[PDB]
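Novice: make a model of this:
(2 chains, ligands or ions: 4)
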There are 2 protein chains.
Amino acid sequence: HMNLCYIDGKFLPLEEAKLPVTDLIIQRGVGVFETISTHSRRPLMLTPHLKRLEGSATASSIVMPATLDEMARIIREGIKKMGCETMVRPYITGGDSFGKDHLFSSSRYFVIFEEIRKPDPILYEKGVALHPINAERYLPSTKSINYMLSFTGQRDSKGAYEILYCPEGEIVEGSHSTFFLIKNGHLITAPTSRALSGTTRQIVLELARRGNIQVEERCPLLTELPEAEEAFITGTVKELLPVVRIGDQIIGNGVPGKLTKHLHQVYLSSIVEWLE
Amino acid sequence: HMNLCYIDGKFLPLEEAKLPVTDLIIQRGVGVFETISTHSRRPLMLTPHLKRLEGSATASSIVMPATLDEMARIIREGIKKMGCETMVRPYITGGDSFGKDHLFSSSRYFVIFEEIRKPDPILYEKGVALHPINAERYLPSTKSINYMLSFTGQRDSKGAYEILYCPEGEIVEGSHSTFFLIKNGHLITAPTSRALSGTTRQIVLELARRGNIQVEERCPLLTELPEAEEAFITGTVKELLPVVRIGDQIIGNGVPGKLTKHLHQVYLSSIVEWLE
Ligand SMILES: Cc1ncc(COP(=O)(O)O)c(/C=N/OCCC(=O)O)c1O
Ligand SMILES: Cc1ncc(COP(=O)(O)O)c(/C=N/OCCC(=O)O)c1O
Ligand SMILES: Cc1ncc(COP(=O)(O)O)c(/C=N/OCCC(=O)O)c1O
Ligand SMILES: Cc1ncc(COP(=O)(O)O)c(/C=N/OCCC(=O)O)c1O
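Specialist: Numbering: from 1, shown residues only, chains lettered A, B, ... in the order given. Ligands and ions are numbered 1, 2, ... in the order given. Shown next is the structure:
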């Protein structure tokens, strides 16, 4: 499929788009981004993602190089050009210098558009296995471009779907996901002091509120997994994806659970509410 | 001289060099690098730096896109072109994909050459102030491109020379430096399990051995700074730089100390031994 990069006023073929090696995104990993998905070629949680992008940029001392309205206009135009369900990634770079004011004031920006790659249907029927590691994301409210740990953590993950950040036995989040445990019919998920404030997470808490499902905002523990009924990971692209194994531990009876399948169905039935 | 970037077979002006936005260095912070300085237009600790670059690349699941001999040849050719004292940074990128083998096997590489920017002479006479933060580099043996913390740590550093990583009151290293405390005429410095295995650090331990100066390889503590005589930070470019203040704490008498000045003099008198 055709893939785009919006950069410097133009929607380029993604393979043509290039960034100056002066940019501190390249030299020193100074960059923040979001991942935005579409349903019916409309962006899911567009405003919440763009507010989170500005939040990341501000927390990283980056001055936004475009307004949120302009980032929204570009995203909409690139989706129109794609003419398919799209995964969209707006990037904000450090640019060429850190000023005497302790800000990155010449930030660059670009927006990647790719045909969306949903997890295979079989993964929703089977559920996935997570690989726990003794590590976590620093400043986890900020979605920087530093995802090195998500790949080096796979060195000994032996083909697990995703890495799970379990610093000192406390489950925080996936490398690309919010993590939820189900224990005695209630949700357990790490607080926003430890894990990224997921857009999908924020919708799942709202669905829990609507369904009178109790939510405990505390880290699930690896040692609680034998008492767990179910588990799932959330994000843009993957939606709610059942977790049936973590390390050598089977979750409940090792197939996707009733409350997971329920929350996924309600999510998909309700999803247009959060489209823009 | 014009600052250069060796990329794709050519020495470009640094500001003209560009990298495809497909590269996972940009998208996901997948990259490792080294910083190499010159004395008499010869690269200092060239082989130790290139072995540390390979070590970073291997620890990050990156297959090296060039041999160490070829990285050496480029470094030497660019220094010859510069015809001045140079700070050199070979970068190894993740490239466009993480393979089914859990390796980045289409890595890109580039080499930046800049006219060297030594600390002002006044900083060696005065000494510098460090700003301690409650944070640390993950996988600190690996020198990845993720230096975001080195900038976000400056948010409330109020103009300190550098950030000092002091997780839970244990001093590990600077954002760009190895850290040394002097107490009762012995050196204290964090072990290589905690801090980057600095080239400058490795020379200073050797100078300590030659001078019969005892070295304790443990993290100095913020709480022991009142009992400290001296402190200094080491690296490529800065050499040995006296530290006379850490947060609100003056180090000894608040001027560069006798053993710091001695180690810096011996380092500069001996430096040709480590040039290549
Ligand atoms: C299946 C899936 N789940 C979750 C995520 C969210 O992960 P982050 O992007 O926040 O790490 C993505 C991201 N795709 O990103 C676009 C496709 C790609 O970057 O390869 C994804 O593809
Ligand atoms: C570290 C992390 N935690 C949690 C999440 C889930 O948050 P939402 O997606 O629900 O807002 C993400 C999103 N990645 O999205 C997929 C990875 C990507 O393509 O960049 C993430 O990167
Ligand atoms: C004064 C000084 N000390 C120490 C370092 C070592 O720090 P790292 O590179 O390992 O973080 C550098 C690096 N210059 O790098 C070249 C100029 C620059 O990147 O701004 C430096 O200029
Ligand atoms: C994080 C960190 N620790 C310690 C050091 C000291 O290592 P050596 O330089 O002695 O091998 C450096 C080097 N920066 O290199 C110069 C500063 C820079 O360009 O970041 C560093 O980046």
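Novice: CA atoms for contacts and neighbours, from now on please.
Specialist: Noted.
Novice: what number of residues lie near residue A:10?
Specialist: 12 (other C-alpha atoms under 10 Å in any protein chain shown).
Novice: so who does residue A:205 touch?
Specialist: Neighbouring residues of residue A:205 by C-alpha atoms under 8 Å, 6 or more residues apart in numbering or on different chains: residue A:215.
Novice: residue A:216 versus that one, what's the distance?
Specialist: 10 Å (C-alpha to C-alpha, to the nearest Å).
Novice: please apply the same query to residue A:12.
Specialist: 45 Å.
Novice: give me every residue that touches the closest residue to ligand 4 within chain A.
Specialist: Ligand 4 sits closest to residue A:28 of chain A, with a gap of 8.8 Å, by C-alpha to the nearest ligand atom. Neighbour list for residue A:28: B:145-148 [criterion: C-alpha under 8 Å, 6+ apart].
Novice: count of residues packed around the residue nearest to residue A:157 when sequence neighbours are not counted?
Specialist: Of all residues not flanking residue A:157 in the chain, residue A:131 sits nearest, at 5.5 Å (C-alpha to C-alpha, 6 or more residues apart in numbering or on different chains). Residue A:131: 22 surrounding residues under other C-alpha under 10 Å.
Novice: which helix or strand lies directly C-terminal to the host helix or strand of residue A:131?
Specialist: Counting by DSSP states H and E, the element that carries residue A:131 is strand A:128-133. Sequence-wise, the next helix or strand downstream of strand A:128-133 (DSSP H and E) is helix A:148-152.
Novice: do that next one and ligand 1 meet?
Specialist: No. Using C-alpha under 6 Å from any ligand atom, we find that helix A:148-152 stays clear of ligand 1, coming within 8.3 Å at best.
Novice: ok so, going back, and the strand holding residue A:131, what does it pack against?
Specialist: Using 3 or more C-alpha pairs under 8 Å, 6 or more residues apart in numbering or on different chains; DSSP states H and E, the elements in contact with strand A:128-133 are strand A:162-165, strand A:239-246.
Novice: let's go with 10 Å and repeat that
Specialist: Where contact means 3 or more C-alpha pairs under 10 Å, 6 or more residues apart in numbering or on different chains; DSSP states H and E, strand A:128-133 is packed against strand A:162-165, strand A:173-174, strand A:230-235, strand A:239-246, strand A:249-250.
Novice: ok, the last one: who's next to it in the sheet?
Specialist: This means strand A:249-250. Paired strands of strand A:249-250, with direction, are strand A:239-246 (antiparallel) (DSSP bridges).
Novice: one more: the third one?
Specialist: For strand A:230-235, the pairing partners within the sheet under DSSP bridges are strand A:178-183 (antiparallel), strand A:239-246 (antiparallel).
Novice: can I get the CA coordinates of that strand in CSV?
Specialist: Only the C-alpha atoms of strand A:230-235 are listed here, as CSV (Å, rounded to 0.1, in the frame of the first residue of the first chain):
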residue,chain,number,x,y,z
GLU,A,230,-8.5,-12.9,33.0
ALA,A,231,-6.1,-10.3,31.7
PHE,A,232,-5.9,-8.0,28.6
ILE,A,233,-3.8,-5.3,27.0
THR,A,234,-5.2,-2.2,25.4
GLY,A,235,-4.1,0.3,22.7
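Novice: can you pull the buried residues of that strand?
Specialist: A:230-235 (16 or more other C-alpha atoms under 10 Å in any protein chain shown).
Novice: now distance to residue B:21 too, for those residues, in a markdown table please.
Specialist: Listed next are those as a markdown table, based on distance: C-alpha to C-alpha, whole Å:
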| residue | distance to residue B:21 |
| --- | --- |
| A:230 | 39 |
| A:231 | 35 |
| A:232 | 32 |
| A:233 | 29 |
| A:234 | 27 |
| A:235 | 24 |
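Novice: quick check: neighbours shared by residue A:205 and residue A:216?
Specialist: Residues touching both residue A:205 and residue A:216 (C-alpha atoms under 10 Å, 6 or more residues apart in numbering or on different chains): A:187, A:189.
Novice: so for whichever helix or strand residue A:208 is part of, what gets flagged as buried?
Specialist: If you go by DSSP H and E, residue A:208 is part of helix A:199-210. By neighbour count with 16+ other C-alpha under 10 Å, helix A:199-210 contains the buried residues A:199-201, A:203-205, A:207-208.
Novice: cool, stretch A:217-231 as well?
Specialist: Going by 16+ other C-alpha under 10 Å, stretch A:217-231 has these buried residues: A:218-222, A:225, A:228-231.
Novice: how about stretch A:10-18?
Specialist: In terms of neighbour count (16+ other C-alpha under 10 Å), stretch A:10-18 has its buried residues at A:11-12, A:14, A:17-18.
Novice: quick one, phi psi at residue A:263?
Specialist: phi -60, psi -40 (degrees, to the nearest 10).
Novice: helices or strands next to the helix or strand containing residue A:260 in the packing?
Specialist: Using DSSP H and E, residue A:260 sits in helix A:258-270. For helix A:258-270, the packing partners by 3+ C-alpha pairs under 10 Å, 6+ apart come out as helix A:121-126, strand A:178-183, helix A:199-210, strand A:230-235, strand A:239-246.
Novice: any buried residues in it, and which?
Specialist: Buried residues in helix A:258-270, counted by 16+ other C-alpha under 10 Å: A:259-261, A:263-264, A:267.
Novice: the closest residue to residue A:13 other than its chain neighbours: how many residues sit nearby?
Specialist: Closest residue to residue A:13 apart from its sequence neighbours, by C-alpha to C-alpha, 6+ apart: residue A:4 at 4.8 Å. For residue A:4, the neighbour count with other C-alpha under 10 Å is 24.
Novice: what residues are bridge-paired with residue A:4?
Specialist: With DSSP bridges applied, residue A:4 shows beta-bridge pairing to residue A:13, residue A:113.
Novice: dump the residue contacts of it.
Specialist: Shown in contact with residue A:4 (C-alpha under 10 Å, 6+ apart): A:10-17, A:78-79, A:81-82, A:88, A:111-115.
Novice: go with 8 Å
Specialist: So residue A:4 contacts A:11-14, A:78, A:82, A:111-114 (C-alpha under 8 Å, 6+ apart).
Novice: what's the burial count for residue A:93?
Specialist: Residue A:93 has 29 neighbours, counted by other C-alpha under 10 Å.
Novice: now residue A:116
Specialist: Per other C-alpha under 10 Å, the neighbour tally for residue A:116 reads 16.
Novice: and what of residue A:97?
Specialist: The tally of other residues near residue A:97 (other C-alpha under 10 Å) stands at 15.
Novice: could you give the bridge partners of the closest residue to it other than its chain neighbours?
Specialist: For residue A:97, the nearest residue in space outside its immediate sequence neighbours is residue A:104; the separation is 6.1 Å by C-alpha to C-alpha, 6+ apart. With DSSP bridges as the criterion, residue A:104 is bridged to residue A:62, residue A:98.
Novice: surely residue A:104 touches residue A:63?
Specialist: Yes. Using C-alpha atoms under 8 Å, residue A:104 is in contact with residue A:63, at 6.0 Å.
Novice: who's more crowded, the two?
Specialist: With neighbours defined as other C-alpha under 10 Å, residue A:104 and residue A:63 compare such that residue A:104 has more, 26 against 18.
Novice: which bits of the stretch 51-200 of chain A sit near ligand 1?
Specialist: Residues of the stretch 51-200 of chain A found near ligand 1 (C-alpha under 6 Å from any ligand atom) are A:87, A:118-119, A:176.
Novice: what about 5 Å?
Specialist: residue A:176 (C-alpha under 5 Å from any ligand atom).
Novice: which SSE is the residue of chain A found nearest ligand 1 in?
Specialist: Here chain A gets closest to ligand 1 at one residue, residue A:176, 3.9 Å apart by C-alpha to the nearest ligand atom. Residue A:176 belongs to no helix or strand when elements are defined using DSSP H and E.
Novice: which residue sits closest to it, ignoring its sequence neighbours?
Specialist: Nearest to residue A:176 is residue A:235, by C-alpha to C-alpha, 6+ apart, at 7.1 Å.
Novice: does that neighbour touch residue A:203 like I think?
Specialist: No. Counting by C-alpha under 8 Å, residue A:235 sits too far from residue A:203 to count as a contact (10.2 Å).
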